[PDB]
Every structure is written in C-alpha cells, then in structure tokens.
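Chains as they are written, first to last, in our numbering: chain A, 211 to 318; chain B, 211 to 318; chain C, 211 to 318; chain D, 211 to 318; chain E, 211 to 318; chain F, 211 to 318; chain G, 211 to 318; chain H, 211 to 318; chain I, 211 to 318; chain J, 211 to 318.
Note that beta-carbon positions come from the ideal geometry of N, C-alpha and C, so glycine has one too.
10 protein chains.
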Amino acid sequence: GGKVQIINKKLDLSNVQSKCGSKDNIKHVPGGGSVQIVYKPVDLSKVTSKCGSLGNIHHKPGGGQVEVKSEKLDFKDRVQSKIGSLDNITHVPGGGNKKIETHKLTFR
Amino acid sequence: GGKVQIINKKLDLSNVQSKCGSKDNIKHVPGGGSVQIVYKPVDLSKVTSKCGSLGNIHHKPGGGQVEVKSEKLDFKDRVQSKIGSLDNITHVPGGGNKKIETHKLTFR
Amino acid sequence: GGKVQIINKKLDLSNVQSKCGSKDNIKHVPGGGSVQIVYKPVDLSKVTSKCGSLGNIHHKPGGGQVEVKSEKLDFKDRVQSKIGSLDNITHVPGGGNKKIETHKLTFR
Amino acid sequence: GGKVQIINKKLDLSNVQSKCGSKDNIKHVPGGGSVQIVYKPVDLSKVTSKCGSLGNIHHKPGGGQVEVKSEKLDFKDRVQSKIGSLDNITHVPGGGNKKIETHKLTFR
Amino acid sequence: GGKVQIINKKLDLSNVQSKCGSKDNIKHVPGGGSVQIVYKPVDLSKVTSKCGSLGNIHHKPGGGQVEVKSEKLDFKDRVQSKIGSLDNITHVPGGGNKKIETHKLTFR
Amino acid sequence: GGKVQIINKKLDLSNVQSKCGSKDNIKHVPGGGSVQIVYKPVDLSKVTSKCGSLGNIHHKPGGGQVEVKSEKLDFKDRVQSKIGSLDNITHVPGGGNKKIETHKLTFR
Amino acid sequence: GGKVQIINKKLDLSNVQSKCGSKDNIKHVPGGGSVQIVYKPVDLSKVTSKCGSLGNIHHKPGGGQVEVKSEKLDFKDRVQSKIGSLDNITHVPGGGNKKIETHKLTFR
Amino acid sequence: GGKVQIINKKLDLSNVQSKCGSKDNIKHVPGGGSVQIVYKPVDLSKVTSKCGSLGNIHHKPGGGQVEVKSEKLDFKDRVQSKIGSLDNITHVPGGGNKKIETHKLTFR
Amino acid sequence: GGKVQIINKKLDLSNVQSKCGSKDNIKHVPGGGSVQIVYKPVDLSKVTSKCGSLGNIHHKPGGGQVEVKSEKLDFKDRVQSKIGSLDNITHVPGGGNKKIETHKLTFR
Amino acid sequence: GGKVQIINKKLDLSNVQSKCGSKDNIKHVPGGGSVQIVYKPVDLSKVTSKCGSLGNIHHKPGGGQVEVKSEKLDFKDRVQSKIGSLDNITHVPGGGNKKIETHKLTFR
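Put into structure tokens, the structure is as follows:
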C-alpha cells in the first residue's frame, strides 16, 4: 500500500518554443534544362513542446497485465532502374556566342 | 490499496509554441525545359504542443488485461523503370547567340 | 509500503527554446543543364522542449506486468540501377565564345 | 518501506536554449552542367531542451515486472549500380574563347 | 527501509545554451561541370540542454524486475558499383583562349 | 586639241564585297541597377563598293571655271553637367546572403 | 596636243573583299550596379573596295580653272563636369555571406 | 605634244582581301560595381582594297589651274572635370564571408 | 614631246591579303569594383591592299598648275581634372574570410 | 623628248601577305578593385600590301608646277591633373583569412 504524492504550488512557466525549418523538395529553380529528382524522402521527424505536462498514470498494484506496443515500419526496396539520365545537350546561358554544335552518333 | 495523489494549485502556464516550416514539392520554378520529379515523399512528422495536459489514467489493481497496440506500415517497393530522362536538348537563355545546333543519330 | 513525495513550490521557469534549421532537398538552383538527385533522405530527427514536465507514473507494487515496447524500422535496399548519368554536353555560360563543338561516336 | 522525498522551493530557471544548423542537401547552385547526388542521408539527430523536468516515476516495491524496450533499425544495402557518370563535356564559363572541341570515339 | 531526501531551495539557474553548426551536403556551388556525390551521411548526433532536471525515479525495494533496453542499428553494406566517373572533359573558365581540343579513342 | 582615249574590251569583274559590323549603343543588357550612358556618338563612316565605275568627266579646254566644294561640320560643345551618378546602392546577385546594409548620412 | 591612251583587254578580276569588325558601344553586360559611359565616339572610318575602277577624268588643256575642295570638321570641347561617379555601394555576387555593412557620414 | 600609252592585256587578278578587327567600346562585362568610361574615341581608320584600279586622269597641257584640297580637323579640348570616381564600396564576389564593414567619415 | 609607254601582258596576280587585329577599348571584364578608363583613343591607321593598281596620271606638259593638298589635324588639350579615383574599398573575392574592416576618417 | 618604256610580260605574282596583331586597350580583366587607365593612345600605323602596283605617273616636260603636300598633326598637351589614385583598400582574394583591418585618419 505505497503512496505517491506530487504537490505543485505557485508554478509560473512561460516561453516554451520548439521550431523547425522548412523541408522543401524542389524549390526556387530559375535554371532550366536540368534533371532534378528527389527519390523517396521519408520524414519521421517530431517537433514537440511540453510545458507542465504529465505522462500516463498506471495504478495497477498486484496486476498481471500484458501491455504490448508495436510499431513495424517496412521500406524494403528493390530498385533496378535508370534514374537521372541527361545527354545530347547544348546549354548556352551566355550571350553573343557563335557556332556551338553538339553531335552524337550511335550504331548497334 | 496504494494511493496516488497529484495536487496542482496556482498554475500559470503560457506561450507554448511549436512551429514547422513548409514542405513543398515543386514550388517557384521560372526555369523551363527541365525534368523535375519528386518520387514518393512519405511524411510521418508530428508537431505537438502540450501545456498542462495529462496522459491516460489506468486504475486496474489486480487485473489480467491484455492491451495490444499495433501500427504496421508497409512500403515494399519493386521499381524497375526509367525515371528522369532528358536528351536532344538545346537550351539558350542567353541573348544574341548565333548558329547553335544539336544533332543526334541512332541506328539499331 | 514505501512513499514517494515530490513537492514543488514557487517554481518560475521561462525561455526554454529548441530550434532546428531547414532541411531542403533541391533549393535555389539558377544553374541549369545539370543532374541533381537526392536519393532517399530518411529523417528520424526529434526537436523537443520540456519545461516543468513529468514522465509516466507507474504505481504497481507487487505486480507481474509484462510491458513490451517494440519499434522495428526496416530499410533493406537492393539497388542495381544507373543513377546520375550526363554526357554529350556543351555548357557555355560565357559570352562571346566562338566555334565550340562536342562530338561523340559509338559503334557496337 | 523506504521513502523518497524531493522538495523543490524558490526555483528560478531561465534561458535554456538548444539550437542546430540547417541540413540542406542540394542548395544554392548557380553552376550548371554538373552531377550532384546526395545518396541516402539518414538523420537520427536529437535537439532537446529540458528545464526543471522529471523522468518516469516507477514505484513498484516487490514486483516481478518485465519491461522490454526494443528499437531495431535495419539499413542493409546491396548496391551494384553506376552512380554519378559524366562525360563528353565541354564547359566554357569564360568569355571570348575560340575553337574549343571535344571528341570521343568508341568501338566494341 | 532506507530514505532518500533531496531538498532544493533558492535555486537560480540561467543561460544554459547548447548550439551546433549547420550540416549541409551540397551547398553554394557556382562551379560547374563537376561530379559531387555525398554517399550515405548517417547522423546520430545529440544536442542537449539540461537545466535543473532529474532523471528517472525507480523506487523498487525487494523487487525482481527485468528491465531490458535494446537499440540495434544495422548498416551492413555490399557496394560493388562505379561511383563518381568523369571524363572526356574540356573545362575553360578562362577568357581569350584559343584552339583547345580533347580527343578520346577506344577500341575493344 | 589633246585626245583622251580609254578602250575597255572583254572585262569580267566579279565578287567586289565591302561589309561592316554592327554599331549598337546599348544592346543585350541582362544586368540591372547600373548607369549606362552613350553620349553623342557621331558616325561619318563610309562603306563603298566600286566595280568598273568611272568618276566625273570634265572636258573644259581653255575655261575659267571656279569650282568650290565646301563641307563645314561644327560640333562645338560646352558641357558643364553631371553625367553618370550612382550611389546608395545595395546590389546582391548572390543567393543566401544575410544582413546586408548600406547607410548614408549627409549634413549641410 | 598630247594624247592619253589606256587600252584594257581580257581583264579578269575577282574576289576583292574589304571587311571591318563591329563597333559596339555598350554590349553584352550581365553585370550590374556599375557605371558605364561612352562619351562622344567620333567615327570617320572608311571601308572601300575598288575593282577595275577609274577616278575623275579632267581634260582641260590651257585652262584657268580654280578647283577648291574644303572639308572643315570642328570638335572644340569645353567640358567642366562630373562624369562617372559611383559610391556608397555594397556589391555581393557571392552566396552565403553574412553581416556586410557600408556606412558613409558627411558633415559640411 | 607628249603621248601617254598604257596597254593592259590578259590581266587575271584575284583574291585581294583587306580585313580589320572589331572596335568595341564596352563589351562583354559580367562584372559589376565598377566604373568603365571610354572618353572620346576618334576613329579615322581606312580599310581599302584596290584591284586593277586607276587614279584620277588629268590631261591639262599648258594650263594655269589652281587645285586646292583642304581637310581641317579640329579637336581642341579644355577638360576640367572629375572623371571616374568610385568610393565607399564593399565588393564581395566570394562566398561564405562574414562580418565585412566599410566605414567613411567626413567633416568640413 | 616625250613618250611614256607601259605595256602589261600575261599578268597573273593573286593572294594579296592585308589583315589587322581587333582594337577593343574595354572588353571581357568579369572583374568588378574597379575603375577602367580609356581616355581619347585616336585611330589614324590604314589597312591597304593594292594589286595591279595605278596611281594618278598627270599629263601636263608646259603647265603652270598650283596643286596644294593640306590635311590639318589639331588635338590641343588642356586637361586639369581628376581622372580615375577609387578609395574606401573592401574587395573580397575569397571565400570563408572573417572580420574584414576598412575605415576612413577625414577632418577639414 | 626622252622616252620611258616599261614592258612587263609573263608576270606571275602570288602570296603577298601583311598582317598585324590586335591593339586592345583594356581586355580580359577578371581582377577587380584596381585602377586601369589608358590615356590617349594615338595610332598612325600603316599595314600595306602592294603586288604589281605602280605609283603616280607625272608626264610634265618643261612645266612650272608647284606641288605642295602638307600634313600638320598637332597634339600639344597641358595636363595638370590627378590620374590614377587608389587608397584605403583592403583586397583579400585568399580564403579563410581572419581579422583584416585598414584604417586611415586625416586632419587638416
């Protein structure tokens, strides 16, 4: 018959801030003629502010409980592909350029 | 017969802030002639503010409960594809350029 | 019959800040004609502010509980692919350039 | 029947800050004609501020509990691929250059 | 029946700061025609500020508990690939250069 | 009574070309925030092709002619002005820059 | 009574070319925040192709002609001005720079 | 009564070329924050191709002609000015620089 | 009564070339923050190709002609000015530099 | 009554080339923060190709001609100015430098 006693008096808590930056995939692209791939971004982040909070309360003297919490996250991947291919490209951001060529020949 | 006693008096809690930035996939693109792919962004983020809160209360003395919480998340992937291909491209953001060619020949 | 006693009085807590920077994949790209790949960014970060908070309370004298918490995260990968290929490229950001050629020949 | 007694009085805690910098993958790229690959960034970072906080309270005299906490993280990788290939490239950021050639011949 | 007594009075704690720099993969690249690969950055860092905080409290006299905490992190890798290949490149950031050639011939 | 005799027979004249480049004042300016002044460009150029042509023929034996050809071109200039002034300028073509200031104070 | 006799037979003249480059004042300026002044460019150039041509023919035996050809070109200049002034300038083409200041104070 | 006789037969003249380069004042400037002044470029150049051509023919036996050809070109200049002034400048093309200041104070 | 006789037969003239390079004032400047002044470039150059050509023909026996050719070119200059002034400059093309200052104080 | 006889037969003239290099004032400057002045370049050059050509022909027996050719070129200069001044300059092309100062104080 044990006793748990938690007395809180005159508690003044303030300014508990938790901030995170932006997570943008493809943003602000004025360039062109490119290949930009973001392949499978997985986000399991956690931004948390706790201020004067309590957890779970479990008063179970002499009990035979079975508490099971399971969180199975599977990301098995079998990737046999062709990602991000770019060729036969002429890219001229400059001005006043003359006689630019790009030739490709292929025989099979 | 144990006793749990939690007394809270004169509690003044304020300013508990939790902020997160934007998560944009393809935003603000004035460039052109490109390939921009965001393939499968999975978001499991959590932005939480707790202020003077309590969890679950479980008063089960001498009990035989079976509490099971399961969260199965499956993302098995078999990708055999062709992602982000870009060729035979002339890209001229510059001004006053002359005689730009891009030739490709293929035989099979 | 043990006793746990936690007395808090005249508590003044303030300014608990937890900040993190931005996590952007492909941002602010005015260049072009490139290949930019972010392949599988996995984020399990945690930004946390705790201020005057308590954890879980478990008052179980003489109990036979079985508490199991499992978190299985699987990222098995079998990647046999072709990532980030770029050829047969002429890239002229300069101005006033003359007679630039890029030739490729292939026989199989 | 042991007794645990924690008395806190006249507690003045302030300014507990925890900050982290930005984690950006491909940011601020005005160059072009390149290959930029960020392959699998895994983030398990933790930014934490604790101020006047307590952990879990477990009052279990004479108990036979079995508390198991498991966190299995698997990242088995079998990568047999071709990452970051770039050839047959002419790259002229300079101005006023003349007669630049790049030739490639292949026989199989 | 032992007794644990922790009395705190007139506690004035302030200015507990913990800061870390930015962790950016590919940032601020005005150069071009290059190959830039960041292959698998794993981050398990921890930035922590504790100010007047307590750990877990375990009052279990004469108990037979089994507390097991396991954290298995697996990163087995079998990489047989071709990472970061760059050839047949002419790269002229200078100005006023004349007659630059780069030839490659291959027979198999 | 002198005699002037000019006999031309079997004359085959071809390919007499006279070309000049462009004379542009302010052309192809993607930059900004500048002061670009072209003050009084005077052009008296002459591009001429003559092929099998003859000049003036003057048959004046024993004459008292007065032939006067005058071409007076005056460009007297008295410039007491303020040309091309540019100040109190912040010019940031770069990206990701922080906290740039430009202050000017004047007392008369 | 003198005689001038010029006989031309079987004349085959070809390929008489006279070319000049471009004369551009302010061309191809992607830079900014500058002062660019071209003050009074005077062009009296002459690009000429003559092929099988003759000049003026003057048959004036015993004459008292007065032939006067005058070409007066005046460019008297009295410039007391302020040309090309640029100050109080911050110019940052670079990226990721921090805390750049430029202060000017003046008292008269 | 003298006689001038010029007989030309079987004349084959070809390939008479006269070329000159470009004369550009301010061209191809990607730099910025500068002062670039071209003050009074005077061009009296002459690019000439003559192929099988004759000059003026003057048959004036016993004449009293007065032939006067005058070409007066005046460029008297009295310049008392302030050309090309540039100060109080911070110029940072580099990246990642911190805390750059430029201060000017003046008292009169 | 003297006789001048010039007989030309079977004349084969070819390949008479006269070329000159470019005369550019301010060209190809990617640097910045500078003062670049080209003050009064006077060009009186002459690029000439003569191939099988004759000069002026003057058949004036016993004449009293007065032939005067005058070419007066005046460039009197009285320059009392301030050309090319540049101060109070911080110029950082390098990267990663810290705490650069440039201070100027003036009292009159 | 003297006789001048010039007979040319079977004349084969070829390959008469006269070339000159470029005369550029301020070209290809990637450096910055400098003072670059080209003050009054006067060009009276002459590039000439003569191939099978004749000069002026003057058949004036017993004449009293007065032939005067005058070419007056005046460049009197009175320069009392201040050309090319540059001070109070910090110039850091290097990277990773710390704490660079440049101070100037003036009293009059």
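By the criterion of a C-beta distance shorter than 6 angstroms, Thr312 of chain J is surrounded in its chain by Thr300, once the five residues flanking it on both sides are discounted. In terms of Cβ geometry, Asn218 of chain D and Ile216 of chain C form a close pair [threshold 9 angstroms].
By the rule that beta-carbons nearer than 9 angstroms mark a contact, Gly242 of chain C does not touch chain H. Straight through space, the alpha carbons of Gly294 of chain D and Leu254 of chain A are spaced by roughly 28 angstroms.
Of the residues assessed, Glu277 of chain B falls on the exposed side of the cut-off, its CB having fewer than 16 other CB atoms within 10 angstroms. Between the stretch 277-289 of chain D and the stretch 224-235 of chain E, the count of C-beta pairs closer than 8 angstroms stays below three; the two stretches do not touch. Neighbours of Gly305 of chain B in chain F, taken as residues whose beta carbon is under 8 angstroms from its own, are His238 and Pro240 in chain order. By the beta-carbon neighbour count (other beta carbons within 10 angstroms, threshold 16), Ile310 of chain B is buried. DSSP links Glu277 of chain E through a beta bridge to D:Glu277.
The DSSP-derived three-state label of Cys261 of chain F is strand.
Judged by DSSP in its simplified three-state form, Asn298 of chain F adopts strand. Rounded to the nearest whole angstrom, the CA to CA distance from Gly211 of chain A to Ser263 of chain A is 26 angstroms. Residue burial is scored here from C-beta neighbours: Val252 of chain E has fewer than 16 other C-beta atoms within 10 angstroms and is therefore classed as exposed.
Here the alpha carbon of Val239 of chain B sits roughly 6 angstroms from the alpha carbon of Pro240 of chain A. Under the criterion of beta carbons closer than 8 angstroms, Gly304 of chain A and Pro303 of chain C qualify as touching, at roughly 5 angstroms. Contact between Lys213 of chain I and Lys213 of chain J holds, since their C-beta atoms are separated by about 5 angstroms, short of 8 angstroms.
Look at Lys270 of chain D here: in three-state DSSP terms it is coil, with no helix or strand label. If you draw a 10 Å sphere on the C-beta of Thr258 of chain H, you find 16 or more other C-beta atoms in it, and that means buried.
For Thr312 of chain A, the three-state secondary structure derived from DSSP is coil. For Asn218 of chain I, the uninterrupted beta strand (DSSP E) segment begins and ends at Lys213 to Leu223. Between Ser228 of chain G and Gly231 of chain H, the alpha-carbon positions lie close to 11 angstroms from each other. Taking C-alpha positions only, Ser244 of chain A is separated from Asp297 of chain C by approximately 12 angstroms. Bridge pairing for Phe317 of chain B: A:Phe317 [DSSP]. In the three-state reduction of the DSSP assignment, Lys286 of chain G falls in the coil class, being assigned neither a helical nor a strand state. Exposure of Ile267 of chain B is indicated by the presence of fewer than 16 other C-beta atoms within 10 angstroms of its C-beta. The DSSP-derived three-state label of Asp234 of chain E is coil.
Pairing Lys250 of chain A with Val289 of chain B, the inter-Cα distance amounts to about 12 angstroms. Taking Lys292 of chain E as reference, the option from E:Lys237, E:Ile247 and E:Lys233 with the minimal CA-CA separation is E:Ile247. For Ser228 of chain C, the enclosing beta strand (DSSP E) stretches over residues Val226 to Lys229. By the beta-carbon neighbour count (other beta carbons within 10 angstroms, threshold 16), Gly273 of chain H is buried.
Residue burial annotation: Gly242 of chain C is buried, with at least 16 other C-beta atoms found within 10 angstroms of its C-beta. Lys270 of chain B and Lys270 of chain A do touch by the CB rule: their CB atoms are close to 5 angstroms apart, below 8 angstroms.
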